[PDB]
There are 2 protein chains.
Amino acid sequence: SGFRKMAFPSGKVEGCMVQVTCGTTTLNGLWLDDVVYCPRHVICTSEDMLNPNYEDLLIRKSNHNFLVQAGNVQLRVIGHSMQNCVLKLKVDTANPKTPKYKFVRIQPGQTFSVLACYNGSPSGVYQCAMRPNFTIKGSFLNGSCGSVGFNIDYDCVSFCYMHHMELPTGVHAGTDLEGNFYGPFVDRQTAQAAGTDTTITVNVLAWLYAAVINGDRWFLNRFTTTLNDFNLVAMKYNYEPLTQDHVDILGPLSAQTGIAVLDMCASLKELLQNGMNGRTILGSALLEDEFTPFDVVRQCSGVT
Amino acid sequence: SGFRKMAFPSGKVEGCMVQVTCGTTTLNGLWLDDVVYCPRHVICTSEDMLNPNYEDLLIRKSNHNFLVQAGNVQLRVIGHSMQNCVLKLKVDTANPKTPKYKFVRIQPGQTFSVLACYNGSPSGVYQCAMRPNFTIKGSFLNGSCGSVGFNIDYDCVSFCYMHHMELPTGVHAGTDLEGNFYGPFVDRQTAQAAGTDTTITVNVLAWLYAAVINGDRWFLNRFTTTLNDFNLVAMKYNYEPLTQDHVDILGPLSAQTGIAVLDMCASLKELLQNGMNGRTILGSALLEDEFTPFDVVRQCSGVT
Ligand SMILES: CC[C@H](C(=O)Nc1cnncc1C)c1cccc(Cl)c1
Ligand SMILES: CC[C@H](C(=O)Nc1cnncc1C)c1cccc(Cl)c1
């Protein structure tokens, strides 16, 4: 028992981190097979970032201008190309530490682990959710660009995020591994609106099931509700509307605990309307939305 | 910017995990050089755990009774010995993946990363603090015994914890790597009292400094206090008494922010006396005590 915001073991991803330098800019790259992926803004100077013309900036660069170092060893760059907001540097050596991997574009509300890196060196790992507004609330300083987000299924790493930018509001934006931004963001030093964010309702419900499994039960009540009634409350409190697809994914947790999904919705409704009255749930004094139903099942069953 | 409960990259520790089986019991072991360390209760059956005589139980075991498997490969056991509550199995092969390492006994209030494992396989990593009462609030299921806690200083892994037991209250207890329990716990299936726990005051203050650095400033006030006045409040709220040693370790954060330590104490005093009034600090609705002053500096500066 016990319930923690657990990240995936980062070993498989640590073996892929490299440092990429172009001119005076250094950031992180991801070396998989004979390709190194990194944010295309590695080719910009500080003055270029105000309004960069990436195609023109890349044209002044040759393979030898991209310095890629894997710890201590230097990689020989034999090709370069831009795909959306990422650069792909073809190298002459396949990474011997390349795990089995996939590139996946995750949905908002899904979770993943981030391996924060500086100068190609891993510094820490944490679990987070892609917000409904396609930002992430990470921990990133200058030099962290190119750090990646991922999930692990047994021996396969599904890379879903590459860090690119910190918005003026302190939240983070980045791309999938084909260089497509999540959300409306562009890789330019301009003020950019992240949408209104909402709380990931299905994740809060999953976490309430994790609380019951672990013995935190005070919030359970004698009430039930309907999806329509619940969604009026979700609306008022800026929670995502719950759908039957969300109820279906909560099925295993409902089965394990014997608490019907709409009954857990009535508990959530009362917590939204009354607050926690100074109590905690799984050591939190707010409703947690960074665990998906799959995360709860994995953690509560013991998946490696 | 952004502030997260970050764990160390677990790669160096993943390479040391093995599965250890003795009879019908399987748990995790730590393979460093030519020695595998694991909880001595691997030699117990369920009926033995009520009141085990470990010396007598170990005497019925030979080297060939300990099955150690590193992923797919089998290790040959050429020696076994008990040191306090850990078993040390000498193997004929040095782990090729042994990182630079130290065994350290941490102080209560210090933090570390745990790599939760099942059957020798890493499942997840999370950061936690050793409570003032020498328990940890982890996430551990049956089969997680032998999972370790550690810190990383550049290339050196300081192992500080090995998981042994879940108390009837759902909190966790374990040993240093010489097999000495942290706290009064014994490796026996008996109800055991964990002391009264307290909040790690110096860590909450460190986290309030991390909040100011990251822009969460609402809790700053026009007041100051003294160590004596503050400790009367710390007493009332079951916080650890603050000492000049704690003030000294907060010095770098006080210097970086320009907020004198006793002024931050007055902010903490008001938060203890008034609560958060429904506001949050770094996304938390309670006072967080799982970041040491060193953790805050490392995270806020970018240490790899
Ligand atoms: C030059 C990096 C900079 C940025 O926001 N990166 C950082 C990443 N994470 N935490 C802090 C910083 C400073 C940037 C400016 C404008 C657009 C883009 Cl794509 C990137
Ligand atoms: C046989 C393991 C058991 C235990 O508490 N382990 C577990 C560890 N973590 N989460 C759950 C469990 C079940 C145990 C009983 C009594 C003493 C000792 Cl040293 C260990």
Side-chain angles (χ1 to χ4, degrees), chain A residues 139 170 276 278-280 283-286, chain B residues 1-6 106-112 127-134 137 195-301 303:
Chain A
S139 176
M276 324 258 302
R279 297 182 286 277
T280 67
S284 176
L286 49 74
Chain B
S1 73
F3 204 78
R4 276 281 180 179
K5 188 115 45 156
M6 199 174 280
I106 54 152
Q107 288 297 289
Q110 294 301 112
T111 57
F112 58 93
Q127 185 77 352
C128 71
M130 168 66 67
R131 300 309 315 165
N133 70 359
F134 291 113
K137 299 188 170 194
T196 297
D197 200 29
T198 52
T199 302
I200 310 153
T201 311
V202 64
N203 290 6
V204 177
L205 294 162
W207 169 90
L208 289 177
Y209 278 108
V212 172
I213 292 165
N214 288 280
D216 244 338
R217 321 173 52 94
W218 65 263
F219 53 81
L220 298 179
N221 61 38
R222 300 175 166 277
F223 314 140
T224 196
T225 184
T226 67
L227 266 196
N228 294 144
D229 176 63
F230 178 81
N231 288 336
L232 298 182
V233 183
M235 177 71 48
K236 181 169 146 123
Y237 290 96
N238 306 104
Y239 265 59
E240 270 266 359
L242 202 73
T243 68
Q244 185 62 41
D245 285 9
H246 296 147
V247 175
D248 288 348
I249 301 159
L250 291 161
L253 297 173
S254 183
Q256 197 183 322
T257 68
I259 298 168
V261 179
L262 295 174
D263 285 6
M264 192 65 81
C265 290
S267 282
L268 176 53
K269 175 178 168 197
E270 290 309 300
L271 289 165
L272 288 172
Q273 287 172 353
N274 312 327
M276 324 258 302
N277 276 118
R279 297 182 286 277
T280 67
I281 298 168
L282 291 176
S284 176
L286 49 74
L287 299 166
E288 292 290 325
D289 76 346
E290 293 197 309
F291 298 96
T292 68
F294 297 89
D295 298 338
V296 169
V297 170
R298 190 177 315 112
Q299 193 169 162
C300 293
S301 85
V303 181

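Computation of the quantities below employed the complete heavy-atom set of this structure, encompassing side-chain atoms and omitting hydrogens, waters and symmetry-equivalent molecules. We name chains A, B, ... by the order of the sequence lines, and we start the count at 1 in each one.
In plain terms, the two heavy atoms of B/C300 and B/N214 that are nearest each other are SG-ND2, 4.1 Å. Looking at every heavy atom in both residues, B/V296 comes nearest to B/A206 through CG2-O, 3.6 Å. In this structure, B/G283 and A/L286 approach most closely via the heavy-atom pair O-CD2, 3.3 Å. Residues B/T226 and B/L262 approach most closely at C-CD2, 4.0 Å, considering heavy atoms. Minimum interatomic distance between B/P132 and B/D197 (heavy atoms only, all atoms of both residues): CD-OD1, 3.0 Å. Contact between B/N203 and B/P293 at its shortest, heavy atoms only, is OD1-CD, 3.9 Å.
Contact of the B/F294 side chain with the B/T111 side chain is not registered, since no non-hydrogen atoms from C-beta on lie closer than 4.5 Å. For the pair B/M264/B/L253, no side-chain contact is recorded, criterion being any heavy-atom separation below 4.5 Å from C-beta on. For the pair B/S267/B/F223, no side-chain contact is recorded, criterion being any heavy-atom separation below 4.5 Å from C-beta on. The shortest side-chain heavy-atom distance between B/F219 and B/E270 does not fall under the 4.5 Å cut-off. Side-chain contact between B/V204 and B/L271: absent, with no pair of heavy atoms (C-beta onward) separated by less than 4.5 Å. Using a 4.5 Å heavy-atom cutoff, the side chains of B/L205 and B/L242 are in contact. The shortest side-chain heavy-atom distance between B/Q273 and B/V233 falls under the 4.5 Å cut-off. In this structure, the side chains of B/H246 and B/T201 stay at 4.5 Å or more apart for every pair of heavy atoms.
Here the OG-CD1 distance, from B/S254 to B/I249, works out to 14.0 Å after rounding to the nearest 0.5 Å. To the nearest 0.5 Å, atoms CD1 (B/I281) and CH2 (B/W218) are separated by 4.5 Å. Going from atom CE of B/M235 over to atom CG of B/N231 covers 7.0 Å, rounded to the nearest 0.5 Å. Atom CG of B/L227 sits about 6.5 Å away from atom CD of B/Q244, to the nearest 0.5 Å. Taking CE of B/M130 as the reference point, atom CD1 of B/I200 lies at 10.0 Å (rounded to 0.5 Å).
For the residue pair B/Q299 / A/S139, a side-chain donor-acceptor distance below 3.5 Å is found, with atom types taken as modelled. No hydrogens or angles considered: a donor-acceptor pair under 3.5 Å links the side chains of B/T224 and B/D263. Side-chain N/O atoms of B/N238 and B/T198 include no donor and acceptor closer than 3.5 Å. No hydrogens or angles considered: a donor-acceptor pair under 3.5 Å links the side chains of B/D295 and B/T292.
For B/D216 (side chain) and B/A211 (main-chain N/O), no donor-acceptor pair under 3.5 Å exists by modelled atom type. Between the side chain of B/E290 and the backbone N or O of B/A129 there is at least one donor-acceptor pair closer than 3.5 Å.
Residues passing the ring pair (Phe, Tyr, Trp, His ring centres under 6.0 Å) test with B/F112 are B/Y161, sequence neighbours excluded.
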(request) Give the intermediate values and the outcome of side chain to side chain contact (heavy atoms under 4.5 Å, CB included) for residues B/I259 and B/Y209. (result) CA-CA 8 Å; B/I259 298 168; B/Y209 278 108; 4.0 Å; yes
(message) Under the criterion side chain to side chain contact (heavy atoms under 4.5 Å, CB included), I'd like the reasoning laid out for B/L287 against B/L272: C-alpha separation, chi angles, the key distance, then a yes or no.
(response) CA-CA 9 Å; B/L287 299 166; B/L272 288 172; 3.8 Å; yes
(request) Please step through side chain to side chain contact (heavy atoms under 4.5 Å, CB included) for the pair B/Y239 and B/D289, ending with a clear verdict. (result) CA-CA 10 Å; B/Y239 265 59; B/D289 76 346; over 6 Å; no
(request) Mind running side chain to side chain contact (heavy atoms under 4.5 Å, CB included) on B/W207 and B/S284 for me, showing each step along the way? (result) CA-CA 11 Å; B/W207 169 90; B/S284 176; 4.0 Å; yes
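In the displayed structure, B/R217 atom CZ is contacted under 6.0 Å by at most 12 heavy atoms of other residues, nucleotides or ligands. Atom CD of B/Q107 is surrounded by 12 or fewer heavy atoms from other residues, nucleotides or ligands within 6.0 Å.
The side-chain tip of B/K5 points at the ring of B/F291 from less than 6.0 angstrom away and within 45° of straight on.
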